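Participant: There's a structure below that I have some questions on.
Number of protein chains: 2
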Amino acid sequence: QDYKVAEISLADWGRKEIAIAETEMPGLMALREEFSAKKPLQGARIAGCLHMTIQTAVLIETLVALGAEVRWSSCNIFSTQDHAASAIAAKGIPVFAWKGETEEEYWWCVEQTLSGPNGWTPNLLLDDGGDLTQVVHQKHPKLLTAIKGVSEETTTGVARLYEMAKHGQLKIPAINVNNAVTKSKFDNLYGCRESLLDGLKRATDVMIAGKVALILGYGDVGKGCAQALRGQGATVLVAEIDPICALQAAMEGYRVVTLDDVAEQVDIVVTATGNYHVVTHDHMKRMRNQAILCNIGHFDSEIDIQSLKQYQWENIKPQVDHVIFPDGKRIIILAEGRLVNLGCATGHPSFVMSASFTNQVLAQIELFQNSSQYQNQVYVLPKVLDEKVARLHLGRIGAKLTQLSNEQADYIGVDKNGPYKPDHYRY
Amino acid sequence: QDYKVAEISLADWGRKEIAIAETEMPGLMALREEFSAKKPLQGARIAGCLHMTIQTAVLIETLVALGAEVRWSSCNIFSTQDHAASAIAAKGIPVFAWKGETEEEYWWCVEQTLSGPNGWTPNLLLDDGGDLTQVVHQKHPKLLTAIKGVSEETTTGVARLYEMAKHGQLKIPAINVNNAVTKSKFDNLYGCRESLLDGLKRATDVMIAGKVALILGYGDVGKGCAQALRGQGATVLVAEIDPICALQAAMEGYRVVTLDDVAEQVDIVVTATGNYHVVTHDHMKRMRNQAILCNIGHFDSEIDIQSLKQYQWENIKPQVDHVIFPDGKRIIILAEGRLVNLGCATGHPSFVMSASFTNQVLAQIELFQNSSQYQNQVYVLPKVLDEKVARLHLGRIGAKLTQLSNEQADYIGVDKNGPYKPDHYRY
Ligand SMILES: NC(=O)c1ccc[n+]([C@@H]2O[C@H](COP(=O)([O-])OP(=O)(O)OC[C@H]3O[C@@H](n4cnc5c(N)ncnc54)[C@H](O)[C@@H]3O)[C@@H](O)[C@H]2O)c1
Ligand SMILES: NC(=O)c1ccc[n+]([C@@H]2O[C@H](COP(=O)([O-])OP(=O)(O)OC[C@H]3O[C@@H](n4cnc5c(N)ncnc54)[C@H](O)[C@@H]3O)[C@@H](O)[C@H]2O)c1
Ligand SMILES: Nc1nccc2c1ncn2[C@@H]1C=C(CO)[C@@H](O)[C@H]1O
Ligand SMILES: Nc1nccc2c1ncn2[C@@H]1C=C(CO)[C@@H](O)[C@H]1O
Numbered sequence: 015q016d017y018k019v020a021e022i023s024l025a026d027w028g029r030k031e032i033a034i035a036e037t038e039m040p041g042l043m044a045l046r047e048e049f050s051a052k053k054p055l056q057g058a059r060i061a062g063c064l065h066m067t068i069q070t071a072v073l074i075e076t077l078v079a080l081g082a083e084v085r086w087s088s089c090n091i092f093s094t095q096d097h098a099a100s101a102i103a104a105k106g107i108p109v110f111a112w113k114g115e116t117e118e119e120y121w122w123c124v125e126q127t128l129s130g131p132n133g134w135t136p137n138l139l140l141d142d143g144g145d146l147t148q149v150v151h152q153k154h155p156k157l158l159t160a161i162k163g164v165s166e167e168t169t170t171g172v173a174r175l176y177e178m179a180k181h182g183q184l185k186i187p188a189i190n191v192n193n194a195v196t197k198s199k200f201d202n203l204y205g206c207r208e209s210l211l212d213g214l215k216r217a218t219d220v221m222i223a224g225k226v227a228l229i230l231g232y233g234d235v236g237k238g239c240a241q242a243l244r245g246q247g248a249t250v251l252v253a254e255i256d257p258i259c260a261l262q263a264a265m266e267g268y269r270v271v272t273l274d275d276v277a278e279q280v281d282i283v284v285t286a287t288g289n290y291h292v293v294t295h296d297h298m299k300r301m302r303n304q305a306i307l308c309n310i311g312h313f314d315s316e317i318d319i320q321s322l323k324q325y326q327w328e329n330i331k332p333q334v335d336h337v338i339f340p341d342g343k344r345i346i347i348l349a350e351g352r353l354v355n356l357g358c359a360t361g362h363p364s365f366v367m368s369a370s371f372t373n374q375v376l377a378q379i380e381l382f383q384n385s386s387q388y389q390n391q392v393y394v395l396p397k398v399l400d401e402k403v404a405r406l407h408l409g410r411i412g413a414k415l416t417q418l419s420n421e422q423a424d425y426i427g428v429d430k431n432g433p434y435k436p437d438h439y440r441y
Numbered sequence: 015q016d017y018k019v020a021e022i023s024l025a026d027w028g029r030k031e032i033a034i035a036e037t038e039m040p041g042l043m044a045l046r047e048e049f050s051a052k053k054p055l056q057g058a059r060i061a062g063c064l065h066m067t068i069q070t071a072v073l074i075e076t077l078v079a080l081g082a083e084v085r086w087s088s089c090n091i092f093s094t095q096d097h098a099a100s101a102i103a104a105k106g107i108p109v110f111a112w113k114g115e116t117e118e119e120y121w122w123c124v125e126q127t128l129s130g131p132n133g134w135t136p137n138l139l140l141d142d143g144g145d146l147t148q149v150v151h152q153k154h155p156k157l158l159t160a161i162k163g164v165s166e167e168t169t170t171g172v173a174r175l176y177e178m179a180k181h182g183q184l185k186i187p188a189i190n191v192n193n194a195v196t197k198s199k200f201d202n203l204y205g206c207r208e209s210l211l212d213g214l215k216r217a218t219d220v221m222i223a224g225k226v227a228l229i230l231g232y233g234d235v236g237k238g239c240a241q242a243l244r245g246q247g248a249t250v251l252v253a254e255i256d257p258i259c260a261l262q263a264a265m266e267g268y269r270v271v272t273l274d275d276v277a278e279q280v281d282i283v284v285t286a287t288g289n290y291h292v293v294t295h296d297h298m299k300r301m302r303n304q305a306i307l308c309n310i311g312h313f314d315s316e317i318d319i320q321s322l323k324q325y326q327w328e329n330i331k332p333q334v335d336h337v338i339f340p341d342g343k344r345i346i347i348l349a350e351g352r353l354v355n356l357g358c359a360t361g362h363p364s365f366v367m368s369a370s371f372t373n374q375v376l377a378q379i380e381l382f383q384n385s386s387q388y389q390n391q392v393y394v395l396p397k398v399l400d401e402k403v404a405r406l407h408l409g410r411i412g413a414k415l416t417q418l419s420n421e422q423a424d425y426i427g428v429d430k431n432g433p434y435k436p437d438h439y440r441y
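Protein sequences, first through last, are from chains A and A'. A prime marks a further copy of an entry chain. Going by PDB author numbering, the residue at position 53 of the first sequence is 67; the numbering climbs one at a time, nothing skipped. Going by PDB author numbering, the residue at position 84 of the second sequence is 98; the numbering climbs one at a time, nothing skipped.
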C-alpha cells in the first residue's frame, strides 16, 4: 500500500532490466561489495527526489544494501520509467512516481517521501534540481532541524543552493555532486552526447544529416549535444553568453550565433542553458514549418511554452506535439519543453549513471557519518574519492592504468596512490 | 652589439611574418590599443625566458609598446625562430637566442637577460618552464629582492613553483598563467592539436592514416595530440596514471594501455606527461624498425635519451636522427627528445599564442602595479580577465556573443557583464 506506481505488474520487466544494468554499473556494485556487510548507512532515512529510471533503481537498492531506508519520488513529471518504479515498489520500497504526472501529483509525490508510516521522517535528502530541498526549507522547517544534509545531482540544483547560501537561506550542509569531475565531465557531457540523440529519434525519427541544428549554451551539456549532432552530419550552430565557452565552440569549428539572427534558418533547436526563456514566442513564430524544438536543461522554462497556449495543440504521440500557428505553419515541441532525453527516451545509459550515482552514495555516507564536521554551505567531495569513482569504472571498459615509480611520483610531486592533480585542475 | 642571433640579415623576413602575425593575434593588438598611450609598464624591466618564435616577437613588442624594457632568451635550445630573433634584435631589443644552442650557450643566454648595460637589472621575470626562475633563486639571490614577481607560462614551470612553495623556497610572487582557462584549455590543447602533427610531418613526412600511435599522458596536451592523430586516421592508444584522465580517454574511444605491454605494436610514440623516463631503454629496444619517437612535454627527460648514447647515431637532417641498435634495427628520434612542435616545426600558430600571451601581458601589468598586494605564493588572474582574454579573440573568428537580459542574469545569479561561472568551473 505504501507506494504509488502506474502498473505494479511491470515489475518483472523492470527487474530484468535492473539485472542487466548492474553489469553496466560497476561503481555501484563495487560499493555494495565494499560496504554491504558493514552497513554504513544503517539508521539512514533518505528522502529522494530524482528521476525514477532503471538507473535510479540500481542506486536505490545500493543505498538499501548499505543499510539505508528510503522514500523516493521523481524530480520530473515525464522522466519516470514505470517498470523501474514497479520493480522498486514490488521490493517493498516506498516509491511515488509514474510517467505523465500532473504538477499537483508531482508535488504530492515529493511530500510522500517526507512522511512515512510510524512517524518515519528523513534525516537525509537526495535531490536533483533542488525541488525537494526547496519544499523542506520552505514548507517543512521543523523537519529541517533533523536533516543532516542534502546531496545534489545537477547544475540547476547547485545554482539554487548557491542562491540560498548567498542570502543566508541554506540551513543544512549540502554536497554538490554535479561538480565531482566524474559527474560533470562525464554524465553532463557523454551522457547527453548519447541521450539527446535518443530522445530526438524516438520522438520524431528525424534525419540528423544535413540539418541545421542550434544548441543554446555550450557548457557540459551543450558540448555533448553539439558533438552528438555533428557526428551524425548536422551543421551545428552554438549560442553562448560566456566568451570563454563561445571561444571553445569556435575552436571546434562551430559557428557561434544568436537565435535572434538565425531563427529562420534552423531545423532543430536544443536548449541547454539552465536559464530562462532563451527561446521566445517571436523565435518560434519565425521558425520554419516542422522545425523541431526541445529542451535538455533541467526545467522547461528554458522555453516560453506559455506563449503557445494561444494556438491550437495537436498531439502526434505521447510527449510529441504540434502547435499550429495562425498562418498554418507547425512546430514540433518535445515533451512540452521538459528534458527530452528522459521525457522522450530513457535518459543517460547505465554505465555513466553509475559514475554519477557512485558519487551520490559516497556523498550520503559522508553526510550520515560526518555531517557535524560541516557547516550550512556547499561542499564537494575530496579528489581521492573522485579518483576512486573513476578507478571503479576502468575495469568494465578495458582501460589499464599505468603505475608511477617512486621517482616519477616525486618528479611531479604526488603520492603514487593519488590525488594526482591539484584541486583547481580542470581536466 | 647588445644581442646575439644567428644571422641578423634574417630581420626583414622575420618582420614580414611578424606583420602577418599581428593580424592573427587580436588579443595582443587590443592591449596595445588600450594601453600604449598610458604606458602602464613604463619602468618595467622584464627578463624573459620563453621560446623566441614569431609569436613571442609580437609578445615582446607588445610589452615594449606598453612602456617595458626587456631582455630576452629562449627556454629551449631548438625552439628559436632565427628570423624572429633577428627582427627583434634589429629593433634594438636585447635578445640572446638561436636555433641549435648547446647547453652551455643556453645558460649563457639566460644570464644575459639578468644583467644589462648601465647596471640594468630586471624587476620582473617572464618564464616558461621555470629555468629563469631557478637561476635567479639559486644563483642571483641579491637580484631576488628587487624582483616584484614572475609570470609562468607552462604546466611544468607551475609544478616547479608549487614544489618551491611547499618547502619555503619561493621568494617572490608568481602568477600561474598556464591555468588561465584561456591558456590551458586552448594553447595546451588546440595548440598541440595542430603543432604536434606539424612537427611530425616536417621531420619525417610519415603517413598518419593506418598507423598505431601511442600518446603517453592525457592531460591538456595529450588530449590535443590524440585528437590530432585520430583526425588523420591513426589508431590512437593512450597511457595514463590518473584514473580520471584514463576514463576520459576510454569514453572517447581510445584504448588505455601501458607502454610496457604495447611497445612492439606502436608506429609512433608521443610523450606528453611532464614526467621522467616514461620511455625507457627496453621500450625502444622493443620498438619496430623505423618506429618514430618524440616528446612534446616541456623537458627532454620524458625519454631516457642517455640510454642511447651507447649506440651509433646517424643524422638524417637537422633534429631528425636515426639510432641503430646492435641487431641493425633503427628508431627515429625527433629533436633529441626536445619538444617536437617547436623543435621540428614552429610551435603553435599565432592565433592561440595570442590568448596565451594576452594573459602574460596582463600578468605583467598586475605584478608591476600591485605586486605589494601579493605574498610569496602562486596566484592565478581573476576570472573577469580570463573572460576578457576570450572576448578579444571572438571578433577575429566571427563568433557572436549572446547578451543576457536582466532577468536571465538574475535567474542564474551572475552580473550581465560577468564573471559568468563560479571559480571552480572546469569548462
Ligand atoms: N538532461 C540531462 O540529463 C542533464 C544532465 C546534466 C545537466 N542537465 C541540465 O542542463 C543544464 C545545463 O547544465 P550544464 O552543466 O551544461 O551547465 P553549465 O553552466 O555548465 O553550462 C550552461 C551554459 O549555458 C550558457 N548560457 C546561459 N545563459 C545563456 C543564454 N541566455 N544563451 C546562451 N547560452 C547561455 C552559459 O554560459 C553556460 O556555458 C542545467 O539545467 C543542468 O541541470 C541536464
Ligand atoms: N610543446 C608545447 O607547446 C606545450 C604546450 C603546453 C604544455 N607543454 C608541456 O606538456 C607537458 C604536459 O602538460 P599538460 O598541461 O598536458 O599537463 P597535465 O598535468 O594537464 O597532463 C599531463 C598528464 O600526464 C599524466 N601522466 C603523468 N605521469 C605519467 C606517466 N608516467 N605515464 C602516463 N601518464 C602520465 C598525468 O596523469 C596527466 O594527466 C608539460 O611538460 C607541459 O609544460 C608543452
Ligand atoms: N537515466 C537516468 N537516470 C537517472 C537520472 C538521470 C538519467 N539521465 C540523466 N539523469 C540526471 C538528470 C540530469 C538533470 O536533472 C543530470 O543531472 C543527470 O545526472
Ligand atoms: N609558437 C610558439 N611561440 C611561443 C611559445 C610557444 C609556441 N608554441 C607553444 N609555446 C609554449 C611552449 C609550451 C611548453 O613550454 C606551452 O606552455 C606554450 O605556451
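Virtual Cβ for every residue (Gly too), placed ideally from N, Cα, C.
Using the beta-carbon of each residue, which ones in chain A are nearer than 8 Å to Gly427 (chain A')?
Facilitator: Correct list: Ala173, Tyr176, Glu177 and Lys180.
Participant: When burial is assigned at 16 or more other CB atoms within 10 Å of the CB, is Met221 (chain A) buried or exposed?
Facilitator: So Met221 (chain A) counts as exposed.
Participant: Using only the heavy atoms of ligand 4, determine whether one of them is closer than 8 Å to the beta carbon of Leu395 (chain A').
Facilitator: No, ligand 4 has no heavy atom inside 8 Å of this Cβ.
Participant: For a contact meaning CB atoms closer than 7 Å, what does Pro257 (chain A) contact in chain A'?
Facilitator: In chain order: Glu401, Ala404, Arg405, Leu408 and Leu415.
Participant: From which residue to which residue does the beta strand (DSSP E) around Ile345 (chain A') run?
Facilitator: Where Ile345 (chain A') is concerned, the enclosing beta strand (DSSP E) stretches over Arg344 to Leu348.
Participant: If I measure Cβ to Cβ from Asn193 (chain A') and keep anything under 6 Å in the same chain, skipping five residues before and after, which residues do I get?
Facilitator: For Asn193 (chain A'), where only same-chain residues beyond five positions count, the Cβ hits under 6 Å are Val394.
Participant: Report the three-state DSSP secondary structure of residue 6 (chain A') (helix, strand or coil).
Facilitator: Only positions 15 to 441 of chain A' appear in this structure, which leaves residue 6 (chain A') out of reach.
Participant: Which one or two residues does DSSP pair with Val283 (chain A') in a beta bridge?
Facilitator: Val283 (chain A') is bridged to A':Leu228 and A':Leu307.
Participant: Can you tell me whether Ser321 (chain A) sits near ligand 4, meaning its C-beta is under 8 Å from at least one heavy atom of the ligand?
Facilitator: Result no, Cβ not under 8 Å from ligand 4.
Participant: What is the C-beta distance between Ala359 (chain A') and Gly213 (chain A'), in whole angstroms, given that I count them as a contact (C-beta under 8 Å)?
Facilitator: Right, their Cβ atoms sit about 4 Å apart.
Participant: For ligand 3, is there a heavy atom less than 8 Å away from the beta-carbon of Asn355 (chain A)?
Facilitator: It does: the Cβ of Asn355 (chain A) is within 8 Å (strictly closer) of some heavy atom of ligand 3.
Participant: With 9 Å as the threshold, decide whether the Cβ of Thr37 (chain A) is near any Cβ in chain A'.
Facilitator: Answer no: the Cβ-Cβ gap between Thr37 (chain A) and chain A' never drops below 9 Å.
Participant: Pull the bridge partners of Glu166 (chain A') from the DSSP assignment, please.
Facilitator: According to DSSP, which records beta bridges pairwise, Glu166 (chain A') is partnered with A':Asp141 and A':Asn190.
Participant: Give me the Cα-Cα distance between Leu353 (chain A) and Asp256 (chain A'), rounded to the nearest whole angstrom.
Facilitator: Going from the Cα of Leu353 (chain A) to the Cα of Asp256 (chain A') covers about 33 Å.
Participant: Cβ of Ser198 (chain A') versus every heavy atom of ligand 2: is any distance shorter than 8 Å?
Facilitator: Yes, Cβ of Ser198 (chain A') sits closer than 8 Å to a heavy atom of ligand 2.
Participant: Tell me where the alpha helix (DSSP H) around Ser368 (chain A) begins and ends.
Facilitator: Note, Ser368 (chain A): alpha helix (DSSP H), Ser364 to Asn384.
Participant: Give the single residue among A':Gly106, A':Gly62, A':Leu376 and A':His97 whose Cα lies nearest to the Cα of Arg85 (chain A').
Facilitator: Checked all of A':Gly106, A':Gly62, A':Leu376 and A':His97; the closest Cα to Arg85 (chain A') is A':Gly62.
Participant: Quick one, which residues of the stretch 286-317 of chain A' are near chain A if we go by CB-CB under 7 Å, in chain order?
Facilitator: The stretch 286-317 of chain A' vs chain A, Cβ under 7 Å: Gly288, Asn289 and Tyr290.
Participant: Do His97 (chain A') and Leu42 (chain A') have their C-beta atoms within less than 9 Å of each other?
Facilitator: Going by C-beta atoms, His97 (chain A') is not nearer than 9 Å to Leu42 (chain A').
Participant: At a CB-CB cut-off below 8 Å, which residues of chain A make contact with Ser198 (chain A')?
Facilitator: Per Cβ cutoff of 8 Å: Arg440.
Participant: Count the other CB atoms within 10 Å of the CB of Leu158 (chain A); is the residue buried (16 or more) or exposed (fewer)?
Facilitator: It counts as exposed.
Participant: For the structure I just gave you, are there three or more beta carbon pairs, one from the stretch 198-214 of chain A' and one from the stretch 174-190 of chain A', closer than 8 Å?
Facilitator: No: the two stretches stay apart, fewer than three of their Cβ pairs being nearer than 8 Å.
Participant: Thinking C-alpha only, which one of A:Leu77, A:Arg46 and A:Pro40 is nearest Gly57 (chain A)?
Facilitator: Comparing Cα-Cα distances from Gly57 (chain A) to each of A:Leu77, A:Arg46 and A:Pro40, the minimum goes to A:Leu77.
Participant: By the DSSP assignment, the beta strand (DSSP E) with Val252 (chain A) in it spans what residues?
Facilitator: First-last of the beta strand (DSSP E) with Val252 (chain A): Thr249 to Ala253.
Participant: Who does residue 12 (chain A') pair with in a DSSP beta bridge?
Facilitator: For residue 12 (chain A') there is no data in the structure shown, the boundaries of chain A' being 15 and 441.
Participant: Would you list the one or two residues that DSSP bridges to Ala61 (chain A)?
Facilitator: BP columns for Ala61 (chain A) point to A:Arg85 and A:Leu139.
Participant: Assuming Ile310 (chain A') contacts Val235 (chain A') (C-beta within less than 8 Å), just tell me the rounded distance between them.
Facilitator: 6 Å between Cβ atoms; contact.
Participant: Taking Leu408 (chain A) as the reference, give the member of A':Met265, A':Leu307, A':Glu117 and A':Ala377 with the closest Cα.
Facilitator: Residue A':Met265 is the option with its Cα nearest to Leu408 (chain A).
Participant: So which residues of chain A does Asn132 (chain A') contact, with C-beta pairs closer than 8 Å?
Facilitator: Going along chain A, no residue has its Cβ under 8 Å from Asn132 (chain A'), so there is no contact; the nearest lies around 41 Å.
Participant: Is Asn193 (chain A) close to chain A'? Criterion is C-beta to C-beta, closer than 9 Å.
Facilitator: It does: the Cβ of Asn193 (chain A) has a partner Cβ on chain A' nearer than 9 Å.
Participant: The beta strand (DSSP E) spanning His336 (chain A') covers which residue range?
Facilitator: Run containing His336 (chain A'): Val334 to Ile338, per the beta strand (DSSP E) assignment.
Participant: Consider the C-beta atom of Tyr17 (chain A') and the heavy atoms of ligand 2; say whether any pair is separated by less than 8 Å.
Facilitator: Answer for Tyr17 (chain A'): no, Cβ out of range of ligand 2.
Participant: Under 9 Å, do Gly205 (chain A') and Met66 (chain A') count as touching if we go by C-beta distance?
Facilitator: Contact: no.
Participant: As a quick exercise: from A:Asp142, A:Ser87 and A:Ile91, pick the residue whose alpha carbon is nearest that of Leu128 (chain A).
Facilitator: Of A:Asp142, A:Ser87 and A:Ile91, the residue nearest in Cα terms is A:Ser87.
Participant: Go ahead and pull the three-state DSSP assignment for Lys331 (chain A').
Facilitator: Strand.
Participant: So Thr272 (chain A) contacts chain A'; which residues on that side make the cut at Cβ distance below 9 Å?
Facilitator: Within chain A', the residues near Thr272 (chain A) are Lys414, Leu415, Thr416 and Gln417.
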